[PDB]
């Protein structure tokens, strides 16, 4: 179950965040800790494609090799707060699991600048959810979390020390697929 109404960044700059480029997850915190593995790789692209607000997601479990991509049309709830559908696709955008009622995530940008961000998501997939999930993002897949984003974690009344890093998993991404998936 999700429990947090995440507050979007004051003065969030949507066009900068949704610029078509890739964001890498460097650290994450699930409030239901057993909802997700302790080793994981994730990234997304975010942009407007032919007037439509889009995200493309990538998930990879570096131990099991479980891999999946998704394409998401985002609807606006308020500035920096979205409800995303999702269809599971291969890396080329071919549909594996169509959009359906009941499969959606919320997505809140709590903090962002040109290089870093803090987001919250609540996944609903069936009558189930994947509890509250916070993620620290960077444009540079190898970047240690800096002071702007760590301060934002504190301002959310969270402890960065509890976040799990993705950096020791040999994560390798297909940026080209993420960018192209925005159009799909």
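Positions refer to the first chain, counted from 1.
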Which of 79-87 and 94-102 has higher mean CA B factor, as the PDB entry lists it: 94-102
155-163 versus 43-51 - which carries the larger mean C-alpha B factor in the record: 155-163
Most elevated Cα B-factor in the entry, residues 27, 34, 70, 61: 34
Third of chain Cα B-factors occupied by residue 2: highest
Chain third (lowest, middle, highest) by recorded CA B-factor, residue given as residue 148: highest
Lowest, middle or highest third - CA B-factor, residue 130: highest
Position of residue 174 among the chain's modelled residues by C-alpha B-factor, lowest, middle or highest third: middle
Residue 141 - Cα temperature factor, lowest/middle/highest third of chain: highest
